Each structure stands twice: as structure tokens, then as C-alpha cells.
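The structure appears below as C-alpha cells.
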Amino acid sequence: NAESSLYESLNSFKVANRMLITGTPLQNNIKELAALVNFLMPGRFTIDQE
DNA sequence: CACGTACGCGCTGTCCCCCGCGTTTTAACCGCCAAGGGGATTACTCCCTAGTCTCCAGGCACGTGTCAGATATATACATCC
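Letter 39 of the first sequence, counting from 1, is numbered 558 in full-length UniProt numbering, and no numbers are missing.
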């Protein structure tokens, strides 16, 4: 979730390189995967159509 | 104003129950889904109903005459000394 407090807490960190380790990248819809790829690298990847 | 006595108040005992502290538990709090309904707005359409107007008539208020029940005498029969 991009709205949660953990998302804004970790997204405000001054880290050069990030990595996400999970088993299920997409669970409900493509908006969640959009949130993960926005947390990874913010802006060259956009998802706006469901 | 006088009297007198009952009760407010001060003192003492006593016991009991609440407070302080330490220890253990536990649920409030914060952060999370998971979808779905409730409700606040914005815009639009429609139609029923309440305001407005005119006219009229009877309900309410006032006044007054009467009328039936309650109260107070007028006279006659029964009764005590």
C-alpha cells in the first residue's frame, strides 16, 4: 500500500539502492504492483488504466 | 423576656477499610487488510402542495331572560309538663 505509514517512512529515506524481497508481488490488482515499482524507482514506470 | 432542655460540638476510643507499593497480566493503541454500504455534495427533472386572494358564514364572545335544583321561612298536626 502506497498510503500506509511504512511506505512514507521508508520512501523518505536517503538510500541509493533498494531491493524488495517477497513471494507474491501482485495480490489483488495492478495498483499494488504499481506501488511496489514506484517504491523501487519513482517515475519512469506509470500505471493508470485498470 | 424568662426558663429550660435538647442538640451541636468537642473529645476519645476502635476498628476497618482505603491507600501505598510491588508484581503480574492484559488489553488499549497503532498500524494493517477486505469488501461493501451510508452519506455528503453537484446537477437535473417533475409535481404536489402550501401561500395568496376573494368571498362568505358560523363560532366565539357578550349580554340577557329564564329555569330547575338548593336554601330559608309559614302554617298545621302530634306531643311533653
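Note that the Cβ used here is the ideal one computed from N, Cα and C, for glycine as well.
With contacts defined as CB atoms closer than 7 Å, residue 566 and residue 553 qualify as a contacting pair.
The three-state secondary structure of residue 522, taken from DSSP, is coil. The C-beta separation of residue 544 from residue 529 comes to about 17 Å, leaving the pair out of contact by the 8 Å criterion. Here the alpha carbons of residue 522 and residue 534 stand approximately 20 Å from one another.
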